[PDB]
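Following: one structure in structure tokens, then a few remarks.
Protein chains: 2
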Amino acid sequence: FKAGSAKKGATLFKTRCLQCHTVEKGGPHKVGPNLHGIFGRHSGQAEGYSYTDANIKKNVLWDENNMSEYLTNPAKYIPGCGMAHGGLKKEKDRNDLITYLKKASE
Amino acid sequence: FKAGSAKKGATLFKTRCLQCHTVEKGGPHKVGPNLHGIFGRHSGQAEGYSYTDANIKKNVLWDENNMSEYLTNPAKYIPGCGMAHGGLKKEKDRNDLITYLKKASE
Ligand code: HEM
Ligand code: HEM
């Protein structure tokens with residue numbers, strides 16, 4: 007991961023992520039947990055959300071690289087429903103996204 | 007709606023609902039909102055959850071009858087993902103479920 011465009015990352019997040027996740031402090035859970043302070047904690051630890059994926063639940067320490075990898079696969083499992091478009095296949099898109107996400111969060 | 011078996015309703019909820027919803031007080035959100043005090047408020051009002059369905063968001067006053075109807079359709083939309091098994095087709099199953107849910111909640 008190498009910093010990119012926050013501005014474009016914002017538009018990736020609004021159009022690809024926001025329909026399941028919010029990022030502002032104290033923001034609400036949706037199908038996905040609120041992501042505020044995601045880069046200061048581990049996986050599967052948002053207050054007031056209960057997780058499903060075994061790997062998330064192991065509490066991975068989130069960093070840029072781990073997250074890029076998490077977002078690489080275009081499809082993700084949504085509990086009780088099936089697979090959904092939960093990632094960004096283009097490495098540049100990931101870098102943009104994560105650059106925005108680091109700022110919007112914390 | 008006519009009261010049924012709480013015991014069987016519990017097993018319907020554990021096996022058909024729990025994978026997206028919790029019911030205890032202060033319990034966490036998952037893909038679905040925590041359902042505690044659902045029969046004392048309106049639709050689309052759980053603290054700390056943000057909703058998608060337009061109809062939910064209109065804030066329907068929840069009662070037994072409205073809920074039975076909500077659960078009738080076997081498939082429900084899960085935002086960003088698709089349709090999922092979000093209901094109970096058998097009217098007796100609904101009555102059992104709702105009888106448990108009234109108690110577990112509040
Ligand atoms: C590129 C867009 C997206 C981003 C950046 C994103 C980010 C994340 C992150 C970082 C987590 C981990 C939360 C944690 O460990 O605390 C996560 C979990 C989750 N996200 Fe996303 N997400 C995206 C798209 C989606 C979409 C489209 C959906 C639904 C259709 C979704 C639903 C979920 C769900 C349900 C979880 C919890 C998984 C589980 O408990 O097993 N996300 N998301
Ligand atoms: C018979 C089993 C189930 C029951 C009793 C149940 C109950 C409910 C209730 C009462 C609501 C309305 C919440 C509110 O207005 O505050 C709701 C919303 C929801 N439930 Fe379920 N549910 C069931 C199964 C499912 C399943 C299987 C899933 C996912 C695969 C699910 C996901 C959701 C979601 C995402 C919402 C929020 C809908 C939106 O915002 O558009 N539920 N559920």
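Residue numbers (the numbering used here), protein chains in the order written: chain A, 7 to 112; chain B, 7 to 112. Note that the Cβ used here is the ideal one computed from N, Cα and C, for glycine as well.
For residue i, collect the residues of the same chain with a Cβ closer than 7 Å to its Cβ; drop the 5 residues on either side in sequence, then sort them by chain order.
i: residue 54 (chain B); result: 35
i: residue 33 (chain A); result: 40 and 42
i: residue 176 (chain B); result: Outside the modelled stretch of chain B, which goes from 7 to 112, sits residue 176 (chain B), for which no answer is possible.
i: residue 51 (chain B); result: 65
i: residue 31 (chain B); result: 42
i: residue 48 (chain B); result: 65, 66, 67 and 68
i: residue 96 (chain B); result: none
i: residue 111 (chain B); result: 29, 41, 42, 43, 44 and 45
i: residue 79 (chain A); result: 93
Can you tell me whether residue i is helix, strand or coil according to DSSP?
i: residue 82 (chain B); result: strand
i: residue 107 (chain A); result: helix
i: residue 76 (chain B); result: helix
The alpha helix (DSSP H) spanning residue i covers which residue range?
i: residue 15 (chain B); result: 12–22
i: residue 61 (chain B); result: 60–63
Which first and last residues belong to the beta strand (DSSP E) in which residue i is found?
i: residue 90 (chain A); result: 88–91
Considering only residues of the same chain and omitting the five flanking positions on each side of residue i, which have a CB-CB separation below 8 Å?
i: residue 8 (chain A); result: 101
i: residue 89 (chain A); result: 81, 82 and 83
i: residue 18 (chain A); result: 94, 99, 102, 103 and 106
What residues in its chain sit with their C-beta under 6 Å from that of residue i, if we drop five residues either side in the sequence?
i: residue 27 (chain A); result: 38 and 41
i: residue 77 (chain A); result: 93, 94 and 100
i: residue 22 (chain B); result: none
Worksheet item: Any chance the region 58–67 of chain B sits against the region 71–84 of chain A, with 3 or more Cβ pairs inside 8 Å?
Response: Counting Cβ pairs under 8 Å, fewer than three are found: no touch.
Discussion item. Taking 8 Å as the cut-off, does the region 8–17 of chain B touch the region 98–111 of chain A (at least 3 CB pairs, one atom from each stretch)?
Written reply: Using a C-beta cut-off of 8 Å, the region 98–111 of chain A makes no contact with the region 8–17 of chain B, since fewer than three inter-stretch Cβ pairs fall below that distance.
Worksheet entry | Contact between the region 43–50 of chain B and the region 78–93 of chain A (3+ Cβ pairs under 8 Å) | Contact between the region 43–50 of chain B and the region 78–93 of chain A is not established, with fewer than three Cβ pairs separated by less than 8 Å.
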